[PDB]
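**Q** Just dropping this structure here.
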Amino acid sequence: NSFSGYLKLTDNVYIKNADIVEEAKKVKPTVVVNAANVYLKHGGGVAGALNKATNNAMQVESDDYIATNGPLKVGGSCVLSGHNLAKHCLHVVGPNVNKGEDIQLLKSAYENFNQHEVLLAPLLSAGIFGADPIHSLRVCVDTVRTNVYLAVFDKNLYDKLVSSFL
Ligand SMILES: O=C(O)[C@@H]1CCC[C@H]1c1ccc2ncccc2c1
């Protein structure tokens, strides 16, 4: 949890323009959040990047979790190993609004972060799930009460977020 170069937006939300994979390898936080789908198939986006950085160990472990427990619900989560990235990986499913899933479930997705005092995380439902990333940051700020360090890869998006929030 030795985070560096973050900008404090609220009492508990910090943001950096950084690749979440590089942040996790540098900091080795207690918890790294994955933006997952209900079957934990880490095919692209943040999920594909985190799985690739574990050389598919996250995917093998995720397939075993699904075989024994069944899929997650949208808005739900599970805690699995963080492998070489963190002590734990909190896989969280935000709604895929491009497929009609309710945007109200973005609040339930971010409520899962409150179970952990400190987390390294990406924005949920941004990217291929189609939610507006500034709206996703607003829900994070209104919902998360524990300390969250958000890593945002895209510099153009990072600048837009910092201007809208402060
Ligand atoms: O922070 C971003 O720019 C977006 C917003 C939500 C998903 C983030 C993202 C997407 C792909 C990625 N691919 C490799 C590493 C990190 C990655 C992060």
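Following the order of the structure tokens, chains are lettered A, B, ..., residues in each are numbered from 1, and ligands are numbered from 1.
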Could you list, with a cut-off of 8 Å and counting only C-alpha atoms and all ligand atoms, the residues of chain A near ligand 1, each shown with its nearest atom pair and the distance in Å rounded to one decimal, rows sorted by chain and ascending number, as a tab-separated table?
**A**
residue	atom	partner	partner_atom_place_in_ligand_line	distance
A:17	CA	ligand 1	1 (O)	7.8
A:18	CA	ligand 1	1 (O)	7.8
A:19	CA	ligand 1	16 (C)	4.9
A:20	CA	ligand 1	16 (C)	5.4
A:21	CA	ligand 1	15 (C)	6.1
A:35	CA	ligand 1	7 (C)	7.6
A:44	CA	ligand 1	11 (C)	7.6
A:45	CA	ligand 1	11 (C)	4.1
A:46	CA	ligand 1	12 (C)	4.3
A:47	CA	ligand 1	12 (C)	7.8
A:48	CA	ligand 1	13 (N)	7.3
A:49	CA	ligand 1	14 (C)	4.8
A:50	CA	ligand 1	15 (C)	7.4
A:122	CA	ligand 1	6 (C)	5.7
A:123	CA	ligand 1	6 (C)	4.7
A:124	CA	ligand 1	6 (C)	6.2
A:125	CA	ligand 1	6 (C)	6.9
A:126	CA	ligand 1	6 (C)	4.4
A:127	CA	ligand 1	6 (C)	5.0
A:133	CA	ligand 1	5 (C)	6.8
A:151	CA	ligand 1	1 (O)	6.2
A:152	CA	ligand 1	1 (O)	3.4
A:153	CA	ligand 1	3 (O)	3.9
A:154	CA	ligand 1	3 (O)	3.9
A:155	CA	ligand 1	3 (O)	7.4
A:157	CA	ligand 1	3 (O)	6.5
A:158	CA	ligand 1	3 (O)	7.5
**Q** Could I get the residues of segment 49-138 of chain A with an atom no further than 9 Å from an atom of segment 1-13 of chain A, each paired with its nearest atom pair and that distance in Å to one decimal, using only C-alpha atoms, sorted by chain and residue number, as CSV?
**A**
residue,atom,partner,partner_atom,distance
A:118,CA,A:1,CA,7.6
A:119,CA,A:1,CA,8.4
A:120,CA,A:1,CA,8.5
**Q** Just C-alpha atoms for this one: save the residues we selected as an mmCIF file, in the first residue's frame.
**A**
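Contents of result_13.cif, freshly written:
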data_model
loop_
_atom_site.group_PDB
_atom_site.id
_atom_site.type_symbol
_atom_site.label_atom_id
_atom_site.label_comp_id
_atom_site.auth_asym_id
_atom_site.auth_seq_id
_atom_site.Cartn_x
_atom_site.Cartn_y
_atom_site.Cartn_z
ATOM 1 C CA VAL A 118 -7.527 0.171 1.145
ATOM 2 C CA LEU A 119 -7.914 -0.797 -2.553
ATOM 3 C CA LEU A 120 -6.153 -0.133 -5.873
#
**Q** Got a sec to tell me which of chain A DSSP assigns to strand (DSSP E or B), as a PyMOL selection string?
**A** chain A and resi 7-8+13-17+31-35+77-81+88-92+118-121+147-152
**Q** Of the candidates A:112, A:59, A:30, A:143, which shows the shortest atom-to-atom distance to residue 43 of chain A, using only C-alpha atoms?
**A**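 Among the listed residues, A:59 lies closest to residue 43 of chain A.
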**Q** Which one of A:27, A:93, A:32, A:139 sits closest to residue 77 of chain A if you count only C-alpha atoms?
**A**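 The closest residue to residue 77 of chain A is A:93.
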